[PDB]
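Working notes for the structure below.
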Amino acid sequence: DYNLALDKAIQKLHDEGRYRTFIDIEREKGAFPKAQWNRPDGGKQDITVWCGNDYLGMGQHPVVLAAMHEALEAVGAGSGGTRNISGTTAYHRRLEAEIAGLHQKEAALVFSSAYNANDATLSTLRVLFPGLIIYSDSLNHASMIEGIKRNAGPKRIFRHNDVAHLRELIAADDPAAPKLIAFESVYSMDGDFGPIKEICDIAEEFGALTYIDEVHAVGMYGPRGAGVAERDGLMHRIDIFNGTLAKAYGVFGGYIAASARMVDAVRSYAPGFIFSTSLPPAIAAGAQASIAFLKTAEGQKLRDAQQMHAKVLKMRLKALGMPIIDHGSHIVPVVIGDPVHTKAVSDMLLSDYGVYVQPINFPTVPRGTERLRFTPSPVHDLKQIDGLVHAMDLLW
Amino acid sequence: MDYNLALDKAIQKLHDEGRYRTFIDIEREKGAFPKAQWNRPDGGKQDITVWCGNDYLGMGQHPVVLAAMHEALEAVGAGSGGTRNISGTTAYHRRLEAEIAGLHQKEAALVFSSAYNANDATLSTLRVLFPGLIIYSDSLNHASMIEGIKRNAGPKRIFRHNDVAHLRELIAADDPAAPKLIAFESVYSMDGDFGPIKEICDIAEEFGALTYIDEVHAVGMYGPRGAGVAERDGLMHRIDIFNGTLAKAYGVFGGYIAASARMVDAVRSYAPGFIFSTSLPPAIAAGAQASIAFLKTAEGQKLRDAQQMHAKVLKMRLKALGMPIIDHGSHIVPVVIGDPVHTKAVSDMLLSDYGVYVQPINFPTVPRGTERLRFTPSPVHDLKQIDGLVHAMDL
Ligand SMILES: *Cc1c(COP(=O)(O)O)cnc(C)c1O
Ligand SMILES: *Cc1c(COP(=O)(O)O)cnc(C)c1O
Ligand SMILES: [Cl-]
């Protein structure tokens, strides 16, 4: 009985308090962070989005949108093919060039998403480097874990940010074996930073490749938004960059950036790259325009505003005695530690106060660390922050 | 070790085997499909005609699709801003999933970033949901299905292409108590052949297996509403899960599954490929939904009718010339050349000489001796430009 099995699988989620109820919204372009909440009763309510990943409000930026509207009128809705069969366009090459330039790399490769970029690249690296041992941070994103486990091969999990542990593991292994160390610059849920310099030092000592996921940093850190490696001057020490175009860049898609050899090899061997339709030209146009804008001094102004708003939100919430985990990033987690109560707090914030902060539970965060994750942006002014705080105070 | 050498060996190996692929850089001209501008590697520019694309019905330039995308951009902006869980669920995703559910006459549907991701995520997650699942896979199944089936560990059985006897024999041999799923396609892209849907459902029914069908090369193009080959044959009720794309005949981007509400709820609740990636941009979802609804109407029927005639016309005209055609009754037109040098020489010729863009297909993508050009005639390929292509293909 297939239906019984499905019923059991679903019940297990309810029993663990982690069954997820999605909130149907429509963000109001030109008025971010405002959205219309399409309620389950059929009603419509204005809300403030407080948990999204469009960190800099680039989703409503006129230069991004102008580029997208233009592309649609020039070449139409989609590419109509894979990169190999009619789906390689000028918009794809120009995008890849912008990305490569962002990370000061020879080349770059766009995928349908950063999830796909990670999963396809990490798994294909095992094929390209027979015997590859992948060393992975215990809190690495699912896309990386999935790519690492995908093709059979050695993996070693190191304790989160624990470079002494990483060293212990790498030193125990066959020195002749090829090696790659996979980690993040900014971890999505805690909002803490990866120890990029120390990992690069280990990698040089043990002759390993470095693979960094900067998905939660691109657009937001460094003087041109190239990420935390750019902020800290370590870009040249990273072999492969993984990033997304769907978060601070405000559009959709993902990428790797690396040497021309690395990129040419991955694109020639990765099934996830080869056997899927290329990104729509309009998406590629918008993303490129977003990347280019964020490399400028005008882009720096949005980063400065984000950091200032994040700082202020954190002050205000600490002032209440909220349990906020503050690692110094733009991410503002409030840990509840129970999946059911996290949903209850989130539900009451939404329905009674028009504050939308999705409850975050397993498998996105470890069991018992369920939380609300605030993502203050340049469009969340000091008055919105005030309004949120007040709602949180009233709610306790 | 020496990483750059290892990369060099990987690349050089493709060059040695003649299978290093050179991307051609094109920009299709909206309002003038199949026309495009070729950005040549020597720096030159030239107009060409696209003859090997998967935007089969010209929906990529349809005014209703584009209207919906421009509106959505202005209403809600460039992307969703999150995963389906974290702020990325919009009325655009919901209405899209409702339209797809309705197309396949299922309780629900689930959209992914692509059909590649839908297949990969779904087939791998089903092993989790149905402990001990054995998956019976057609030997010519798409990469995405193969990758989903191998992703998570568990039993698999590859049956020889379209060989229902081989499938029977494999399934009757297995543990009768084991959960079972049979994965296949309605239309296989390279040869353009049809899967024997009715006879695979018969076996599924006899042995208590689930049926999983990839209708990527049939959705939009077959059945009275473009729901696929299972719709055309009246078998949609006997399929448990449909896989489809929004990127080919629908002219946009994305993919889906369509199944019962329990199936969809389980997959969306368990598949990391669904959970941990940004939802489709609402403009893409608006465009895809508009394309689908349009292709369910009589006006969409006219597009399918036209495609079918053009395909029929190209095949006859090439056969009348004495050319070797792998003809299985579909919209796909594979012309056989039998050697990789002569295949590339004909596509380089067609492109350079007449502006006809058709990619060559050699080993390992098809066997040695089956090397061919795959033509994808569309309603925008009028009777006059088919005439041009026939006359060009007089060596
Ligand atoms: C092209 C193709 C896919 C993948 O669809 P995308 O939406 O481009 O990822 C899946 N299955 C088959 C049979 C295909 O041909
Ligand atoms: C969301 C996320 C991804 C995947 O990004 P998409 O572009 O949405 O697939 C990859 N890595 C991290 C750390 C992420 O948070
Ligand atoms: Cl091992």
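Throughout, a chain's letter reflects where its sequence line sits, starting with A, and its residues are numbered from 1. The basis for the numbers below is simple: all heavy atoms, side chains too, and nothing from hydrogens, waters or symmetry mates.
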Discussion item. Counting the benzene-type ring for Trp, do A:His330 and A:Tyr221 have ring centres under 6.0 Å apart?
Written reply: yes

Discussion item. Are A:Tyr135 and A:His165 an aromatic pair, judged by ring center distance below 6.0 Å?
Written reply: no

Worksheet item: Of the non-hydrogen atoms in A:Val334 and A:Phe374, which two are nearest, and what is the gap between them?
Response: CG2-CE1, 3.8 Å

Worksheet item: Which pair of heavy atoms, one from A:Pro333 and one from A:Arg371, lies closest together, and at what distance?
Response: CB-CD, 4.1 Å

Fill in: NZ (A:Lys318) with more than 12 external heavy atoms under 6.0 Å
yes

Worksheet item: Cation-pi between A:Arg267 and A:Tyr255: NZ/CZ under 6.0 Å from ring centre and within 45° of the ring axis?
Response: no

Discussion item. With a 4.5 Å cut-off on side-chain heavy atoms, are A:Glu184 and A:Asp137 touching?
Written reply: no

Fill in: Exercise: identify the closest heavy-atom pair between B:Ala183 and B:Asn141
O-ND2, 3.0 Å

Response to the item:
Tightest non-hydrogen contact, residues B:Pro155 and B:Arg127, listed as O-NH1, 2.8 Å

Practice prompt. Mind checking the CG-CG spacing from A:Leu372 to A:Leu317? Nearest 0.5 Å is all I need.
Written response: 10.0 Å

Item to complete: Side-chain contact test, heavy atoms from C-beta onward, threshold under 4.5 Å: evaluate it for B:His15 versus B:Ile11 and give yes or no.
Response: yes

Item to complete: Quick one: closest heavy-atom pair of A:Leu128 and B:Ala10, and the distance?
Response: CD2-CB, 3.7 Å

Practice prompt. Would you kindly say whether B:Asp8 and B:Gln12 are connected by a side-chain donor-acceptor distance under 3.5 Å?
Written response: no

Fill in: Distance-only donor-acceptor check, side chains A:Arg303 and A:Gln300, under 3.5 Å
yes

Discussion item. Looking at A:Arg316, I want to see if its CZ is surrounded by more than 12 non-hydrogen atoms of other residues, nucleotides or ligands under 6.0 Å.
Written reply: yes

Worksheet entry | side-chain hydrogen bond (donor to acceptor under 3.5 Å, both in side chains) pairs, two or more places apart, involving residues 225-236 of chain A | none

Worksheet entry | All side-chain contact (heavy atoms from CB on, under 4.5 Å) counterparts of A:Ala100, not counting sequence neighbours | A:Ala108

Discussion item. Main chain of B:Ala121, side chain of B:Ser124: is a donor-acceptor contact present, judged purely on distance under 3.5 Å?
Written reply: yes

Worksheet item: Are A:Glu370 and A:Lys343 close enough for a salt bridge, meaning some N to O gap below 4.0 Å?
Response: no

Item to complete: Report the C-alpha separation of A:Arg373 and A:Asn53 in whole Å, then their side-chain angles, then the decisive distance to 0.1 Å, and conclude whether the side-chain hydrogen bond (donor to acceptor under 3.5 Å, both in side chains) test is met.
Response: CA-CA 10 Å; A:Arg373 178 191 168 267; A:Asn53 289 336; 3.1 Å; yes

Response to the item:
Sequence neighbours excluded, the answer for side chain to side chain donor-acceptor pair (under 3.5 Å) partners of A:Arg83 is A:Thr88, A:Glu96

Worksheet entry | Check ion pair A:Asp54-A:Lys247 (N to O, under 4.0 angstrom) | no

Worksheet item: With A:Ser329, which residues qualify under side chain to side chain donor-acceptor pair (under 3.5 Å), at least two apart?
Response: none

Worksheet item: If we ignore angles and hydrogens, is there a donor and acceptor under 3.5 Å between the side chains of A:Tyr115 and B:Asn117?
Response: no

Discussion item. Centre-to-centre under 6.0 Å for B:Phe276 and A:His141, is that the case here?
Written reply: yes

Worksheet item: So A:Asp173 and A:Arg156, salt bridge (charged side-chain N to carboxylate O under 4.0 Å, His left out) or not? Walk me through it.
Response: CA-CA 10 Å; A:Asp173 280 317; A:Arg156 318 266 175 259; 2.8 Å; yes

Discussion item. Testing B:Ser113, B:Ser279, B:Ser80, B:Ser277 one by one against A:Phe252 for a side chain to side chain contact (heavy atoms under 4.5 Å, CB included), which residue passes?
Written reply: B:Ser113

Worksheet item: In terms of side-chain geometry, is the basic nitrogen of A:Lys105 or A:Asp239 positioned less than 4.0 Å from the acidic oxygen of its partner?
Response: no

Worksheet item: A:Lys12: what forms a side-chain contact (heavy atoms from CB on, under 4.5 Å) with it, not counting sequence neighbours?
Response: A:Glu16, B:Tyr270

Item to complete: For the residue pair A:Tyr356 and A:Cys51, establish whether any side-chain heavy-atom pair is separated by less than 4.5 Å.
Response: yes

Discussion item. If you define the side chain from C-beta out and look only at heavy atoms, does anything of A:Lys311 sit under 4.5 Å from A:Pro376?
Written reply: no

Discussion item. Please check this pair: side chain of A:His103 against backbone of A:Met235, looking for a donor-acceptor N/O pair closer than 3.5 Å.
Written reply: no

Worksheet item: With a 4.0 Å cut-off, would you call A:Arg261 and A:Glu106 a salt bridge?
Response: no

Worksheet item: Think A:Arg367 forms a cation-pi with A:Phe362, using NZ or CZ under 6.0 Å from the six-ring centre and within 45 degrees of its axis?
Response: yes

Item to complete: Compare every heavy atom of A:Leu209 with every heavy atom of A:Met262, then report the nearest pair and how far apart it is.
Response: CE-CD1, 4.3 Å

Fill in: Which residues share a side chain to side chain donor-acceptor pair (under 3.5 Å) with A:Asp192, sequence neighbours left out
A:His160, A:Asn161

